[PDB]
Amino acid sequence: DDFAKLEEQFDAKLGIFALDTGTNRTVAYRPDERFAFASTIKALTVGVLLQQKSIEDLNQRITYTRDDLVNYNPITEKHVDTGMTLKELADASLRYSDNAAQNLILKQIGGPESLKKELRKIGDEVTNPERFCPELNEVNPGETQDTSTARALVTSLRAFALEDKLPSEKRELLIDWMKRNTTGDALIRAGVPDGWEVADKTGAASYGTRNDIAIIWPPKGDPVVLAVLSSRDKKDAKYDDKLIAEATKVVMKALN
C-alpha cells in the first residue's frame, strides 16, 4: 500500500521480497513477478566462482585484450597490459559492476548454461541465465530469459552469503566485496539508518529496469535479506533510484 503509492509516484512496477533471518518475518509485494535481473546476477556469479575454486585458486592471472572488453569496463580497461587475477576480477565485477570482469568470470565457470546448472543445483529453479554482458538486459515483457524474481534472488543470495552453499572464508570474501560496493549509495543504502551495515549489488536494464539486492545487518540481531526490483513500461524508460530508497524505507518500517 505504501508500495502501491510508490508505483503510482514513479509510474513503475515494483517487486519486493524481504526476509528477516532472525524471526522469519517476511514483506512481500509482487514477490513472484519476473524482472530482468540485470547486474544483480554478478553477485550469484561470484557465488558460483567461489564454490568452484579454493581461495588460493583466485590468484590465477587472467590475460585479455580490448577485444574481451565490452560496453562498460571501469577497472578492466586499466589492466589490459598485465591482466587481472580472478580475485581482482570478482572485486571489479561486484564493486564497480564491471561488465568485462563479469564476462571473463562467466567464461571461467563455463558460460550462462553452466551458471544456470549451478543455480539449479543450489535450489534455484527460477533464475534464468541465458546471455553474456550486456545482451542479457534486453528483455521485453513476457519473456523469461535473463529474469528472476525478488523471492528467488533473496533465497539464492542468502544461500551463498549466509547459509551453506559456501564455507565461511568464502562467505566472508563475498560479503566483504558486497559491503564495499561503490554503485549503491542512492538505493537500498539510502533507505536504511546509518550504522546499519549493507552488502549490496545493483542492476539496471531496458524498460527502466532498476534493481538492488542486499543483505542488511541492524546493530541489534540477525540480518535481513532484501530484493527491490522495478521496471516500466516504455523500453527507453528512465528509472529513479529514489523509488528503491523509498521502497527500502517502507520494508524496514514493516519489519521494525
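Residue positions are given as counts along the sequence shown, with the first one as 1.
Exercise for the section: Report the stretch with the higher mean CA temperature factor, choosing between 188-196 and 41-49 on the basis of the entry. Expected result: Comparing 188-196 with 41-49, the higher average CA B-factor belongs to 188-196.
Exercise for the section: Compare the mean C-alpha B-factor of 115-123 with that of 138-146 as given in the PDB entry, and name the stretch with the higher value. Expected result: Looking at the record's C-alpha B-factors, the answer is 138-146.
Handout entry: Highest recorded Cα temperature factor - choice among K170, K107, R151, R95
Key = Highest C-alpha B-factor among the listed residues goes to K107.
Exercise for the section: Go through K220, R210, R34, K201 one by one and give the residue whose Cα B-factor in the PDB entry is largest. Expected result: Top of the list by C-alpha B-factor: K220.
Practice task
Could you tell me which third, lowest, middle or highest, the C-alpha B-factor of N99 occupies within its chain?
Solution key: Middle third, going by the recorded CA B-factors of the chain.
Exercise for the section: Among all modelled residues of this chain, ranked by Cα B factor, put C133 in the bottom, middle or top third, i.e. lowest, middle or highest. Expected result: Answer is highest: the recorded C-alpha B-factor places it there.
Practice task
Select lowest, middle or highest to describe the third in which the CA B-factor of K242 falls within its chain in this entry.
Solution key: CA B-factor rank for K242: lowest third.
Exercise for the section: Just say lowest, middle or highest third for the CA B-factor of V80 relative to the other modelled residues in its chain. Expected result: Highest third.
Exercise for the section: Check where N71 lands among this chain's C-alpha B-factors and tell me if it's the lowest, middle or highest third. Expected result: Top third by C-alpha B-factor.
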